[PDB]
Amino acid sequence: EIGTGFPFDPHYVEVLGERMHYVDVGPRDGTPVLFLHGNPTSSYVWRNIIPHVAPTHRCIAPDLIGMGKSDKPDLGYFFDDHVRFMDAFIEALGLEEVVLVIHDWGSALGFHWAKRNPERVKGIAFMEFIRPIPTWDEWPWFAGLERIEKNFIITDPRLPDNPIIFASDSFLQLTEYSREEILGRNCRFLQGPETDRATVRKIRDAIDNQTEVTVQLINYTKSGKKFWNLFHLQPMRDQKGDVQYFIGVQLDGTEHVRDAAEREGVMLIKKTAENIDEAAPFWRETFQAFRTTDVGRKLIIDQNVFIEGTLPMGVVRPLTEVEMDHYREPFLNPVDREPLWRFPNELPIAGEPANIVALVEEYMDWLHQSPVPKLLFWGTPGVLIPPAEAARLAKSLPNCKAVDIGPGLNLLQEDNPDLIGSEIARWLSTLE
């Protein structure tokens, strides 16, 4: 299993009148590697990465102020507050040059620090980072829905060849493929020799006409088992009425009951498609409600929805109870939940807040002209970084090597720590 323990002795340092906790392991003479977590996590999100780096390099992972084992003073916990504390933390440890490993709001911290101190950053690994998000349409409404008891997939017709970017657990059961064997491919891989080609044209024509179609079709499991697949597809449109996704709903079994009962099956998958489409904007409207005072604080501070509801929906795989208690630990007291609510209100989406938008633009500009080595991880569908944006950055950023970690949402270290860690370790070998 992926590791659930946290086998690191605590270290502490006084920072602007407040105590911060950090992990500090590995050798001590060379360039240190600084790990910056974001919301709603802590140095715990790095627990299975650091062991890949520790044999060769020093590993420093602080808990942001207000989080983890660090003190919890009375602040607004604005991004500017975290900036002051991290500035002071780095100076308090005496750090000179560093390599950065950064995630979420840790990455706004790391990129903002590098822009102001470029000759001290010898390389940057980043994943799911803070970028200006132009429109709420780019926020994936489907994030974290893999366990919904409904057989459906989402395709992104704007990626080459309309690949699958989401597959519910049910769809894995039906086809016998794992999520890593499904995402990023066109759903036509389920077809085989006895698939009626005239039916495949009916699907191809309808998709080209951006229109719904319902068919029954011969498909194959990963193990070669033929089965009748009764499935319905239909587009989803964004706020401009343009198709940004297709939704597919499949019915379970080799059927063979695809007659008379077919009229009930057809009605069931059509009804499921409509119900999912009806709910998609409410799924996405949750973060918008977070970004409000009276409702957002009742959800996140009074109810703890960010820990109990958003955090598991940022991992494709299920988090165990042990792992959920580690993330719960700093926030058992409702009064300590301020940084959970202020972070999403700082996110630069659709131009607000203007001050954070400007700041992230400034360091994005820096990163585009900086020769510093860059290692970027991304998953499907991701949350902050959709695949298309990962692809764009892989070509825009100089000295950038991009790594696809497989299925992933926001806490990519939790879906595939062994790849992220080993990739970081080989990368570090190629540096100065």
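Residue numbers here begin at 1 and follow the sequence given.
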Quiz item: Looking only at CA atoms, which has the higher mean B factor in the entry: 332-340 or 203-211?
Solution: 203-211
Quiz item: Between 369-377 and 34-42, which has the higher average C-alpha B-factor in the PDB entry?
Solution: 369-377
Self-check item: Residue of maximum C-alpha B factor among 103, 291, 120, 84, per deposited coordinates
Solution: 120
Quiz item: Per the coordinate record, which of the options 67, 61, 385, 54 holds the highest CA temperature factor?
Solution: 54
Self-check item: Position of residue 14 among the chain's modelled residues by C-alpha B-factor, lowest, middle or highest third
Solution: middle
Quiz item: In terms of the chain's CA B-factor thirds, is residue 111 lowest, middle or highest?
Solution: lowest
Quiz item: Thinking about Cα B factors across the chain, which third does residue 326 belong to?
Solution: middle
Quiz prompt | Third of the chain's Cα B-factor distribution that residue 308 belongs to, per the entry | solution = lowest
Quiz prompt | Cα B factor band for residue 136 (lowest, middle or highest third within the chain) | solution = middle
